[PDB]
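Visitor: My questions all concern the structure below.
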Amino acid sequence: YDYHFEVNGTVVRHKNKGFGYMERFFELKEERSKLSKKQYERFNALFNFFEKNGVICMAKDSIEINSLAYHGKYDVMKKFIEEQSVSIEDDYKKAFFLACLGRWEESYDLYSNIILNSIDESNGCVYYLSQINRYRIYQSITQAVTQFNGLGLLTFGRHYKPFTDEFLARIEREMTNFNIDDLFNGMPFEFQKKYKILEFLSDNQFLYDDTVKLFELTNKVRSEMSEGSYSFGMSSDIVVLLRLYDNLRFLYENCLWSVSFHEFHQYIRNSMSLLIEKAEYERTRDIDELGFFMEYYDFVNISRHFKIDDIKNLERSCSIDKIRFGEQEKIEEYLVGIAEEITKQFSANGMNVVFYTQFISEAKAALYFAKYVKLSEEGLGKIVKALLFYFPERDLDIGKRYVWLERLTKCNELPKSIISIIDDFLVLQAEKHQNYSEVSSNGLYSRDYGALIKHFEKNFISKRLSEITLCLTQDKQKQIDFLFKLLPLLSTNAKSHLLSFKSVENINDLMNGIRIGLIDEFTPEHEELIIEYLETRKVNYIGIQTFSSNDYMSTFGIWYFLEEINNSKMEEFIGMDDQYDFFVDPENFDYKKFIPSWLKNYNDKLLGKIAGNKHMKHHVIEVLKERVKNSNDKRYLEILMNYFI
Amino acid sequence: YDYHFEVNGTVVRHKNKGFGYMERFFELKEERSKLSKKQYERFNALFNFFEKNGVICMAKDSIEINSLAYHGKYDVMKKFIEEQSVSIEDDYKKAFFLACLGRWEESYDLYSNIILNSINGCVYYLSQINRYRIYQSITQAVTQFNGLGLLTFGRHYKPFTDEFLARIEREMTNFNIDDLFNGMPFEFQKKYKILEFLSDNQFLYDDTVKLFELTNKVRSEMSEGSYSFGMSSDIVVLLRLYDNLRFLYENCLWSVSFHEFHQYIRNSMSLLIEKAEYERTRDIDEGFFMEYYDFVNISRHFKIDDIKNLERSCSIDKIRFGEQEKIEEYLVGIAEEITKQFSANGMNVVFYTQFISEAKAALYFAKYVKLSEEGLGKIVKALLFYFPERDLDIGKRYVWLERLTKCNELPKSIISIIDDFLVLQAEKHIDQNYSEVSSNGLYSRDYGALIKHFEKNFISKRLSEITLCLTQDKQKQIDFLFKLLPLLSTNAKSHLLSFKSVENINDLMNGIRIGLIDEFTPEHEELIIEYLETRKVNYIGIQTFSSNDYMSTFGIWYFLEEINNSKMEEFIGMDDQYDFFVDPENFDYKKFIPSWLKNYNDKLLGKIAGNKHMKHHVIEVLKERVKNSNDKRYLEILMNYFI
Amino acid sequence: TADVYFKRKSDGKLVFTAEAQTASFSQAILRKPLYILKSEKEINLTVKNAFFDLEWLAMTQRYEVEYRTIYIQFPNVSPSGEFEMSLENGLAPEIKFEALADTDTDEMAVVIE
Amino acid sequence: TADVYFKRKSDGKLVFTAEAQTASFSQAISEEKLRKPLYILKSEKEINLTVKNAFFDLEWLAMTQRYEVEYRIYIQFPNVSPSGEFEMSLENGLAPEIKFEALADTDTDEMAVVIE
């Protein structure tokens, strides 16, 4: 504690009272020939060390992390593993890489062997680090086994058993009554007096200092953003970023497995997503009377240590489209590499479960954040092919995978190769349909892929789906009404053949015909079908109340509002749910039941027509002012400036 | 670690692999006759301890803080102090109390004596911690008084004798704080394991980390809009907060009065109000209120800027303010303490530094409570006459008073306090050097305007007497009472106006503010035009922009047709917010600043909306500000008049 | 503070029972004709204190959930298999599941009163 | 990274020097209801300043046993009141940060001056 070290690279004077050593040292660094030869060589060694770790000077006057594990070079680490280790120093990083690829049994055994061979080590630092990493591997294996006996049964369906029972028994055996808090204390006192700064590594909670410092810095940044104050020196946000990069480089360059634990990911996701919020506040800052851009490293950090829900929350909180994206070539290479790994694994016999849990969580975030980066046609082809065919469907279903695809489509308009890939995926889905149901958590089924295809071509005709339609038979219903939703993709002969057996029996077929564009105006048959379904809906309604998200009722109400329905029987069906009485008879809706969330679902034409009613504008304008004044969604406000509904 | 004990008080079986002693104990608690008599005698004490602390029942099946330090009973603690200590535990209670009312010297001495006299063993541990903390307080207080004390107070205080400082430096040297738990008997270390966290120099890091995780979870729920059904993270935050308060304050630890604990409170609290306010803004798809304990927490651990930021973030005046009587007696105690201190014989500086921040925070944030006439009167008397000038300036103390005025309308009794405060201020305005300076920019004329706004017929007897006493010699009193003209009687008005002349610009602003000027006489046009000539002359390779804000007033007057002389266009080009009002068409609104729109009032804003030749640029500004920012006042301007 | 039952959809066997903690229902809006009221609606549910059925555990070595407070039923609930390890040992398992919807049935959740 | 110079208002003596860390400039109206007539353009102008590393003049310390600030574009606050709030950390302490608020005299009615 004699001197105090800032993350910038400057040293500050607090506590040393005698002669100042670093004061003379830095000035000597800036006539040094007068020292002895041994003094000169050790001064060279120090100079190399201090400029390696970033200690540049004192207070009066970007980062790189050189590690294959951080860059996801998931084949180069394999090549390193196969190569024989000349020294135990190379054997430590091999054990780390073995850990990074699942394969925790081999990592544990190799760490134990390094521990065995570290008797003659000069300092014992590698021994202590190997012990820490072996404990980290041990708890990792324990939690993974607990999950596989727990969540590993719901997920995956089956029981996996990646680690053998004897291996589990022995590792529980030698790890028994092992206190990591004592591990640094249970070391030679030479090691403790020399490697004092590895003591924080010992305890089972080592990031609490960093987490508390980040809490304080985040509170200060929030105070500045609320007050509107302007930081002139080193901003607290810059300090957050500097301590960030220091921590990533420390626990990635020194090959610690603790980097792969939930605590570190939480520290990262809270230290990040605060620089982003500060950047967005800086952009949206009014001028008074008196920028931050993410790099490839930040992209990797968000891709790895951010969950999908957390990225969703941060994009809800702050807009990211106005943050420029640099180092796009490295980001593209990283994304292409991730896609390559998932393809080479799933396409060939699947991939090992232990590495799957580690890989796929960050794969979600990488592919989700891939919307924002600009990618070449070959890269987009590789990553789309990876996401459609060779991605494990148990996580991103059809609806959410479609959202992923349209997200990577936002920045780069769809090239012909991507549309061919989606055509292959749709052909595969068509041949999948057996008593098989296309279920999705998102509600955006396979017809949305064809809708995107037509949106980006308006003339695309899928040959293989056309041939499938030509070979369709009346016995197979699921494929026929699956391709009915894919009607615009088929050719004219295929359309004619499919229309032979396609009939609007229920109103779901009517929705499908509307979405494909087969129906542009209601024939009396369609109106009669709608009225009949409404009759049976009320008949079953009358008797506890039940609300479902079928939403067809609101669609009928909207059709009545837009004058697309011109039969005056709808008023008989009033009262069975809300958002239908809202459109059919807006004056008599009793808007105490009105839900402000409805206006988000409507489009430009619908809310433009609602704006023009003027017998209903004022109630919705009251709802909108209440929401804009209360909530910070900024979508209700955007609606408000657009047309003041 | 055999069982998990959490905040709500429900025991969770966590790592007990043997027989379940907690489940059977709770079954026995909820057939104890079969227990052995000595065993049942122990069981009754276990029941008392486990129900005093929490631990209600199994997982499958309000806070009170009792301490004269937490409640700020600064007179009861004294009375306890001069009483002779019966035992060592009461002596340590008196140690904490002695450390509370300043006087770190006597508390340190008492802690040392308790250390020698201790031969349970936990009292020594707690006293060692508190003695180290008290030495740290004395050391940083010495540093502050040596460095910043001179600039703040204007003089060097040295509350502590140099011999005392030397002795404490010698004694606390070679005392490692982290060691102090390890260097104590194995019996104590085995029994008192839970106190290990208190040994280290940093014992809130675990609590702060848990609070960070909980706050991040709460923010995720806020942004996502998810609904929490079971034990919410918010109630966990507040209940762990209450656990920490009742553990640190009751156990007589000075570690409560540090920046780390204060800042931990400021995070854990004000995250409850943010979530509660967002709960009112919950989007309906297919409450939390503040108690006396909460009032004490915000009054203690929040800086004025912190509560200001809390007000900016959330509308804090809508949350229900319960236990109002306890709150009122709390601020009554604060007011009587500050009056007793600063009324006679200066103040206790070590007490002053610790207590003034709390007093300021409480009196500031008292906007939201309803104080009776007597309590409000004594609070106002403490606020104006007896509160130190250094912390509260005239404008900022006035802001405190007008914020107290929000919940409670001004009574005649409070108006009398404002009246003789103004009389005292007029008395101080005798030497030509003295001029009331305020960081807020508002002055005694604002007190007069407050009085007139709440009565509209008040006549101040003493200021009118001084006005009848005024002569030409004391110009400072003349132009001070000029700002207080509406308070003066008509004879006093004539007597003051006999010597009062509109010599400069500031005099015309004072005359307009008091209401003497209702229409601009041509002499006022001449004066304004001459001042603008002078400004242009001194303007004509560097340019000045001050905060005088007179050119903007002239421009707005030209815009509202108050000034009807067309020589203003000559002065176009020096400073903005002038061309915007004189010739809005050619303003080139790239230089327009949205903050100007904050400074306008209903009449000016309505006229700006009705201009219709500068409406579109300003509507664009309001739109992009409401989209960009979360101020919520720009939206109020945007929708009240659609400007 | 209600109870949730995770059941097998086909067999009907109770996979597990737990206590609900968090539920998010956020439905929001490139994607002249008839207005179809297309929407992108999702439901996520985080549940606490889940102990799996012993019989189902012995058997294992589509799903439907019923969350009963008034009375809610989520058909086609997919359990997300996210797994993250804390360096602190471990305290109860938390299960996250998303509501799935079939194309034909077009319903996501049902509320019973 | 820019510095501030503290002076006594009476003379040119240097009180202390520092480096400005953050400056809070949040000025708006007062309450509208509480404060036909000629417009006055009411205001609640506030400027706060914080300095990170301040060392007081040795001559100032020796003599000690109304202030001006000059923040170097250069800006001047003719009157600054230092908010002497002392809050103490249980971590041993060190960075003496000084916060001061600008003030406006009644006659001058100007708070800060910014000049190139």
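Chains A, B, C and D, in that order, are what the protein sequence lines are.
In this text, residue positions in the first sequence follow the working numbering: the first is 290, and each later residue adds one.
In this text, residue positions in the second sequence follow the working numbering: the first is 127, and each later residue adds one.
In this text, residue positions in the third sequence follow the working numbering: the first is 99, and each later residue adds one.
In this text, residue positions in the fourth sequence follow the working numbering: the first is 91, and each later residue adds one.
Backbone N, C-alpha and C define an ideal beta-carbon position, used for all residues, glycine too.
Cβ atoms of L457/B and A492/B: under 8 Å apart, would you say?
Guide: Your numbering for residue 492/B matches position 366 in the second sequence. Your numbering for residue 457/B matches position 331 in the second sequence. Yes, the Cβ-Cβ distance between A492/B and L457/B is below 8 Å.
Visitor: Which residue comes first and which comes last in the beta strand (DSSP E) that contains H293/A?
Guide: In the first sequence, the residue the question calls residue 293/A occupies position 4. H293/A -> beta strand (DSSP E) spans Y292 to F294.
Visitor: By the three-class DSSP mapping on this structure, what secondary structure does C414/A have?
Guide: Counting from 1 along the first sequence, the entry for residue 414/A is found at position 125. Three-state DSSP puts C414/A in a helix.
Visitor: Who are the neighbours of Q494/A on chain C, taking C-beta pairs under 8 Å?
Guide: Taking the first sequence and counting its residues from 1, the one referred to as residue 494/A is at position 205. Within 8 Å Cβ-Cβ: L185 and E186.
Visitor: Could you check if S188/B is buried or exposed, using at least 16 other CB atoms within 10 Å of its CB as the buried criterion?
Guide: The residue given as residue 188/B occupies position 62 in the second sequence. That one is exposed.
Visitor: Can you tell me which of the three DSSP states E140/C falls into?
Guide: Looking up residue 140/C in the third sequence gives position 42. Here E140/C sits in strand by DSSP.
Visitor: For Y95/D, which residues of its own chain have a beta-carbon under 6 Å away from its beta-carbon, when the five flanking residues on both sides are left out?
Guide: Counting from 1 along the fourth sequence, the entry for residue 95/D is found at position 5. The answer, listed in chain order, is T107 and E160.
Visitor: Specify the secondary structure class of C183/B as computed by DSSP and reduced to three states.
Guide: For the purposes of this step, residue 183/B is taken as the residue at position 57 of the second sequence. Here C183/B sits in strand by DSSP.
Visitor: Can you check whether the C-beta of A192/D is within less than 8 Å of a C-beta belonging to chain A?
Guide: Taking the fourth sequence and counting its residues from 1, the one referred to as residue 192/D is at position 102. No, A192/D lies away from the interface with chain A (no Cβ there is under 8 Å from its Cβ).
Visitor: Along chain A, in chain order, which residues have C-beta atoms closer than 7 Å to that of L184/D?
Guide: If you number the fourth sequence from 1, residue 184/D lands on position 94. Going along chain A in sequence order, the residues near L184/D (Cβ under 7 Å) are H303.
Visitor: Count Cβ pairs between the stretch 660-674 of chain A and the stretch 198-207 of chain C that sit closer than 8 Å; are there 3 or more?
Guide: Verdict: no, contact absent.
Visitor: Taking the C-alpha atoms as reference points, what is the distance between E320/A and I426/A?
Guide: The count along the first sequence starts at 1 and reaches residue 320/A at position 31. The count along the first sequence starts at 1 and reaches residue 426/A at position 137. Taking the straight line joining both Cα atoms gives about 51 Å.
Visitor: Relative to the C-alpha of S429/A, which residue among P885/A, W393/A, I854/A and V828/A is closest?
Guide: Against the first sequence, residue 429/A aligns to sequence position 140. Closest option to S429/A, Cα to Cα, is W393/A.
Visitor: Can you find the residues in the same chain that come closer than 8 Å, C-beta to C-beta, to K199/B, ignoring five residues on each side of it along the sequence?
Guide: Indexing the second sequence from 1 puts residue 199/B at position 73. Same-chain partners within the cutoff: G459.
Visitor: Taking only beta-carbon positions, decide if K142/D is within less than 8 Å of chain A.
Guide: Position 52 of the fourth sequence, counted from the start, is the residue given in the question as residue 142/D. Yes, its Cβ sits closer than 8 Å to a Cβ of chain A.
Visitor: Does the beta carbon of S176/C come closer than 8 Å to any beta carbon on chain B?
Guide: Your numbering for residue 176/C matches position 78 in the third sequence. Cβ-Cβ to chain B under 8 Å: no for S176/C.
Visitor: Would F421/B be called buried (16 or more neighbouring beta carbons within 10 Å of its own) or exposed?
Guide: Counting from one through the second sequence, the residue named residue 421/B turns up at place 295. Buried, by the Cβ-count rule.
Visitor: In whole angstroms, give me the CA-to-CA distance for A113/D and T299/B.
Guide: Taking the first residue of the fourth sequence as position 1, residue 113/D is located at position 23. Taking the first residue of the second sequence as position 1, residue 299/B is located at position 173. Answer to the nearest angstrom: the Cα atoms are 39 Å apart.
Visitor: Is DSSP giving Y869/A helix, strand or coil here?
Guide: Position 580 of the first sequence holds residue 869/A. It is coil, neither helix nor strand.
Visitor: Closest to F862/A by C-alpha separation, out of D874/A, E852/A and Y570/A, would be which residue?
Guide: Within the first sequence, residue 862/A is the residue found at index 573, counting from 1. The candidate whose alpha carbon is nearest that of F862/A is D874/A.
Visitor: Using beta carbons (cut-off 8 Å, strictly below), is residue 771/B in contact with chain C?
Guide: Because residue 771/B is not part of the residues shown, which for chain B are 127 to 769, the question remains open.
Visitor: Counting only the same chain and skipping the five closest in sequence on each side, list residues whose C-beta sits under 7 Å from that of residue 251/C.
Guide: As displayed, chain C neither begins before 99 nor continues past 211, which places residue 251/C out of reach and without an answer.
Visitor: With distances taken Cα to Cα, identify the nearest neighbour of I769/B among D757/B, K733/B, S755/B and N754/B.
Guide: Working through the second sequence from its first residue, we reach residue 769/B at position 643. Checking every option, the nearest Cα to that of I769/B belongs to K733/B.
Visitor: Grab me the residues of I399/B's own chain with a C-beta within less than 7 Å of its C-beta, minus the 5 sequence neighbours each way, in chain order.
Guide: As a working note, residue 399/B is residue 273 in the second sequence. So the list reads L436, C440, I442 and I445, once near-sequence residues are dropped.
Visitor: Closer than 8 Å is the cut-off here; do at least three beta carbon pairs connect the stretch 334-350 of chain B with the stretch 363-370 of chain B?
Guide: Yes, since at least three Cβ pairs between the stretch 334-350 of chain B and the stretch 363-370 of chain B fall closer than 8 Å, the two stretches touch.
Visitor: Report yes if the CB atom of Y932/A is closer than 8 Å to the CB atom of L895/A, and no otherwise.
Guide: In the first sequence, the residue the question calls residue 932/A occupies position 643. In the first sequence, the residue the question calls residue 895/A occupies position 606. No; because the gap between Cβ atoms is not below 8 Å, this pair is not in contact.
Visitor: Just curious, the alpha helix (DSSP H) that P813/A is in, first and last residue?
Guide: Your numbering for residue 813/A matches position 524 in the first sequence. Element bounds for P813/A: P813 to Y830.
Visitor: From which residue to which residue does the alpha helix (DSSP H) around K142/D run?
Guide: Start at 1 with the first residue of the fourth sequence, and residue 142/D comes out as number 52. Looking at the DSSP string, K142/D is not in any alpha helix (DSSP H), and its letter there is neither H nor E.
Visitor: Taking its Cβ as the centre, do 16 or more other Cβ atoms sit within 10 Å of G864/A, making it buried, or is it exposed?
Guide: Along the first sequence, one-based indexing puts residue 864/A at 575. Exposed, by the Cβ-count rule.
Visitor: Just to make sure I have the definition right: I need the residues of chain D whose C-beta is within less than 9 Å of the C-beta of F749/A. Which are they?
Guide: Stepping through the first sequence from its first residue, residue 749/A is reached at position 460. Per Cβ cutoff of 9 Å: no residues; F749/A is ~57 Å from chain D at best.
Visitor: Chain D partners of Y519/A, CB-CB under 9 Å?
Guide: Counted from its first residue, the first sequence places residue 519/A at position 230. Residues of chain D passing the Cβ test: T112, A113, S114 and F115.
Visitor: With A92/D as the anchor, note down where its alpha helix (DSSP H) starts and where it stops.
Guide: By 1-based counting over the fourth sequence, the position of residue 92/D is 2. Run containing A92/D: none; DSSP gives neither H nor E here.
Visitor: Report all residues from its chain with a CB closer than 6 Å to the CB of residue 291/C; omit the five preceding and five following residues, and keep chain order.
Guide: Residue 291/C falls outside the range modelled here, since chain C spans only 99 to 211, and no answer is possible.
Visitor: What first and last residue would you give for the beta strand (DSSP E) that runs through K189/D?
Guide: Locating residue 189/D in the fourth sequence gives position 99, where the first residue counts as 1. Taken as a continuous stretch (DSSP letters only), the beta strand (DSSP E) holding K189/D covers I188 to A192.
Visitor: If you draw a straight line from the C-alpha of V549/B to the C-alpha of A508/B, how long is it?
Guide: Counting from one through the second sequence, the residue named residue 549/B turns up at place 423. Counting from one through the second sequence, the residue named residue 508/B turns up at place 382. So the alpha carbons of these two residues sit roughly 16 Å apart.
Visitor: Going along the stretch 358-387 of chain B in order, which residues come within less than 7 Å of chain D, judged by CB to CB distance?
Guide: Residues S381, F384, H385 and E386.
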